[PDB]
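Everything on this sheet refers to the single structure shown next.
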């Protein structure tokens, strides 16, 4: 436990010191286009840090909420990737989770944002990231008149899973989240390479609902998570064959939804041990939060075989069909420390 405490405290120090002077957490980059994310990253990192019982962390969260309130430039009341992007449902969801942590769920901005988030609900019962009219105004791509946005404006399981953390959206999204579970027990996301993200968030939402009917689905997801974790205590990926910190943190969160099984308990202990070993001297973990950018018409990004990492491409390049990452390691570090704090009592 002493090791865990030092690891968590070093990560908290990194994250608080990694803010800019205004107080934003910034991460990800679309060079010479959308640039660096702030609203989305700050909402997410704030939410991750809400599990800490520290006064100075709660002060940082309250400042993060003030900064989000200052970003009131969109008429819908939504938030986005950063100032220059249009509003999106995922960002707005994470912002409302942060609002809940600082007791602002019934604030006028939170009510406005909640109403806007509700309009993204589709006929199939899932949440869409973008409204077509909004994202069409914002992007500058050739031949926009002959480009479908069926992918970017369709219902997304990763966003639905995140939004379902809000109790007031859980009932609306329940059936959609149930039908989208695979035969292997997991869910597949749209914007994310790692299925552990969407799978953990969906299983958490169903657990939080507490329906007896959903318990078999939750247990199937936990069984998938146990399979995904190697004996050494990591989730191996194509990009990180010796362990992704981001995928491992989300898998650790998934494995918390079973408190009785002895092998699941052992698996979490292996994951904690490995994550402790992987921590950098400055308190961070190595960047592995892989956000992918499908083509706007791509309904099935999990069946796109051409993914490349944007920073590794030589010559003239496009963001479509590429993968970007959290270059500052803030998004990854926030994810890992949250998983360690949540998992520590169940050792």
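Residue numbers (the entry's author numbering): 20 to 366. The beta carbon of each residue, even a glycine, is placed where N, CA and C say it ideally should be.
The Cβ atoms of residue 129 and residue 118 lie closer than 8 Å to each other. Exclusion of the five residues before and after residue 224 leaves 180, 183, 184, 189, 196 as the residues of its chain whose Cβ lies within less than 7 Å of its Cβ. For residue 163, no beta strand (DSSP E) run applies, since DSSP gives it neither H nor E. Within its own chain, the residues whose Cβ lies closer than 8 Å to the Cβ of residue 53, once the five positions on either side in sequence are excluded, are 100, 101, 103, 104, listed in chain order. Going by DSSP, residue 115 is part of no beta strand (DSSP E) but of the alpha helix (DSSP H) stretching over 108-120.
If you check the CB distance, residue 76 and residue 31 come in under 8 Å. For the options 262, 43, 157, 140, the alpha carbon positioned closest to that of residue 108 is the one of 140. Bridge pairing for residue 248: 254 [DSSP]. Short of 7 Å from the beta carbon of residue 70, and not among the five residues preceding or following it, lie these beta carbons of its own chain, in chain order: 357, 360, 361. DSSP, read as helix, strand or coil, puts residue 317 in coil. The alpha-carbon separation between residue 106 and residue 48 amounts to approximately 18 Å. Under the Cβ criterion (8 Å, minimum of three pairs), the segment 238-252 does not count as touching the segment 315-332. Burial check for residue 299: the Cβ neighbour count within 10 Å stays below 16, so the residue is exposed. Cβ neighbours of residue 143 within its own chain (closer than 7 Å, five residues either side excluded): 174, 195.
Boundaries cannot be given for residue 103, as no alpha helix (DSSP H) includes it and DSSP labels it neither H nor E. The residue from 94, 288, 46 with its alpha-carbon nearest to that of residue 61 is 46. Going by DSSP, residue 194 is part of the alpha helix (DSSP H) stretching over 186-198. Using a Cβ-Cβ distance cut-off of 8 Å, the segment 336-348 and the segment 295-313 are in contact, since at least three pairs of beta carbons, one from each stretch, lie closer than that value. In the displayed model, residue 337 falls within coil according to three-state DSSP, outside both helix and strand. Boundaries of the beta strand (DSSP E) harbouring residue 55: 54-56, taken from the DSSP string. Residue 310 is bridged by DSSP to 211, 343. In the displayed model, residue 143 falls within coil according to three-state DSSP, outside both helix and strand. Residue environment: residue 318 is assigned as exposed (fewer than 16 neighbouring CB atoms within 10 Å of its CB, all protein chains considered). Rounded to whole angstroms, the separation of the alpha carbons of residue 161 and residue 346 is 28 Å. By alpha-carbon distance to residue 27, the top candidate from 302, 35, 156, 324 is 302.
Annotation: residue 167 to residue 334 spans about 27 Å, alpha carbon to alpha carbon.
Taking C-beta atoms as the reference points, residue 274 and residue 244 count as a pair closer than 8 Å. Shown here for residue 289: same chain residues with a beta carbon closer than 6 Å to its own, the five before and five after excluded, namely 252 in chain order.
Take the alpha-carbon of residue 296 and the one of residue 355: they are about 12 Å apart.
Residue 47: member of the beta strand (DSSP E) spanning 46-49, first to last residue. Residue 351 and residue 263 have their alpha carbons spaced roughly 10 Å apart.
The beta carbon of residue 98 sits closer than 6 Å to those of 58, 110, 111, 114, all from its chain and outside the five residues before and after it, given in chain order. DSSP, reduced to helix, strand and coil, places residue 272 within a helical segment of the structure shown. Here residue 29 carries a helix assignment [DSSP, helix/strand/coil].
When the beta-carbon positions are compared, residue 231 and residue 204 stay at least 8 Å from each other.
DSSP places residue 328 within a strand segment (E or B) once states are collapsed to three.
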